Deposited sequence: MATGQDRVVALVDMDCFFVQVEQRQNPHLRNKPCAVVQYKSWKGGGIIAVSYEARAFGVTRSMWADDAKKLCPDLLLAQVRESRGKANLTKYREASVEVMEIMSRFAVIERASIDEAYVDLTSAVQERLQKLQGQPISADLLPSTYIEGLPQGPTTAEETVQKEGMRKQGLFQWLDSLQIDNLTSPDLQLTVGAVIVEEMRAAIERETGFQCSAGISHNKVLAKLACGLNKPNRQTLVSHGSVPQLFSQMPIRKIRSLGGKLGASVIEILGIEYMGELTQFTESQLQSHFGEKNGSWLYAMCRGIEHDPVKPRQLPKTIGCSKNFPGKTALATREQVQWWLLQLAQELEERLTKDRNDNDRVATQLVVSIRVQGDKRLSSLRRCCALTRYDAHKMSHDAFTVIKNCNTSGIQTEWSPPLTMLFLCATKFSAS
């Protein structure tokens, strides 16, 4: 029976990423409790990234900076750039490109977010194992690697524990067998050490990584020993790891589906799923989800690392909460123009860098009283990278929504505007 051990997959995730971008730029922020904040005026601004020094004080994301300062009076802050009246993330996108380009030298990557990429190292491992004629794997090749589940069986400090586990792992390895999945993961980890060394050397940024046989285990592994460490999760480690792993920790189960798995089956931990037949899981959660859960709780997943380094959409949005909701046509048109101007600049850059053009413009709004992320979503043709045309067109496709008799007024007021370019073609 298939054991889901055919691939070597890593997930690299940058440590407190936006903070590291700002600390590289401003040495005064290095090795300090510090956070990145967006929009100073309302409660000191919203925190969106937090250094590990600040995390020790209890500072978190989705905290107002005024409140964070109560937990950490010496907290240092770096502000997100604002342009055309809104937060602008260009600096972090550019830093992301630095890291993605380095990772791409080692293998084809799947960009999973601004600061994460999956890597399929199956081929690189095969070639490295051949150049490694015999040759045991030294612990010195794995200086920041944790082996999840080890040490076990018959030191009081972290690094001591890490080494004992690594020693047990390496001592047990079957280096004479090049088809051994554990051996393949170990070689994968050596390559990821090299990848992470290159990222830090060439950018100054530290990161963590997971190495396993699929994306979900690699992602889970990555978080086990953050920051600045990497973790190998073998197929064998899965039963003990999952036996006390809350279901919500597994990627895609952190929301309503995960909550329904818990409620419907009356379980708490990922490993408890093994008790159910594939048909039983499909009966509760659908064919796709059921099959996925049945395999995943056994450490098996087939979701491929997709060869994609570039985002498939480029979007610009702004919210206008509470009393600031947009109530005039002048207002709506001004802000659509602001969004369209940012989008134009990003699109033009994208076309020069990446030899493609977007062909569809998606416009989304939220009206006051409405409670969803988006109220109304409409698309139209994107034929010209011109901000005035795009903003004019967006207005055209959303002017239907103005239920107001007076058309110089806007009702109900708008609490969100969103412009997104999609459907890219080669150019």
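Missing C-alpha coordinates mark just one deposited-sequence interval: 155-159.
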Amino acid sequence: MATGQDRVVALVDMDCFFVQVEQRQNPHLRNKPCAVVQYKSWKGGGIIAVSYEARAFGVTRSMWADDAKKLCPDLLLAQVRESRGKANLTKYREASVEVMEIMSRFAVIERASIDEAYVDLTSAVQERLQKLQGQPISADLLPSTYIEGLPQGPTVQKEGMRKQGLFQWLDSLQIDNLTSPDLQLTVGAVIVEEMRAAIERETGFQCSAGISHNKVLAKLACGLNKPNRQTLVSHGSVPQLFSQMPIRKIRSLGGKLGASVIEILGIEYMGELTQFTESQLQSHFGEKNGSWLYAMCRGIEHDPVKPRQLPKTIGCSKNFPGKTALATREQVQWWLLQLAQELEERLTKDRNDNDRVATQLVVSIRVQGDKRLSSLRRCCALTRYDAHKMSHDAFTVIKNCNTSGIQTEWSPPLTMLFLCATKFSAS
From here on, numbers count along this sequence of modelled residues.
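Think of the rigid core as the biggest set of C-alphas that the two forms share within 1.5 Å after superposition.
Larger average C-alpha displacement in 8 other deposited structures of this protein, relative to the shown form after a rigid core fit, is seen for 172-180 when comparing 312-320 with 172-180. Core superposition of the other structures onto this form places the C-alphas of 367-375 farther off in 8 other deposited structures of this protein than those of the other stretch among 367-375 and 28-36.
Stretches 111-119 and 126-134 differ in mean C-alpha B factor, with the higher average recorded for 126-134. Look at the C-alpha B-factors of 6-14 and of 407-415. On average they run higher in 407-415. Comparing the C-alpha B-factors of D176, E202, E278, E344 in the entry, the top value falls on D176. Of the candidates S212, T145, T155, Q79, the deposited coordinates give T155 the top C-alpha B factor. Among all modelled residues in this chain, the alpha-carbon of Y269 has a temperature factor (C-alpha) in the lowest third. Ranked by Cα temperature factor within the chain, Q230 sits in the lowest third according to the deposited record. Sorting the modelled residues of the chain by their CA temperature factor places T60 in the middle third. The deposited CA B-factor of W334 belongs to the highest third of values across its chain.
In the PDB entry, a CA B factor belonging to the middle third of its chain's modelled residues is recorded for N289.
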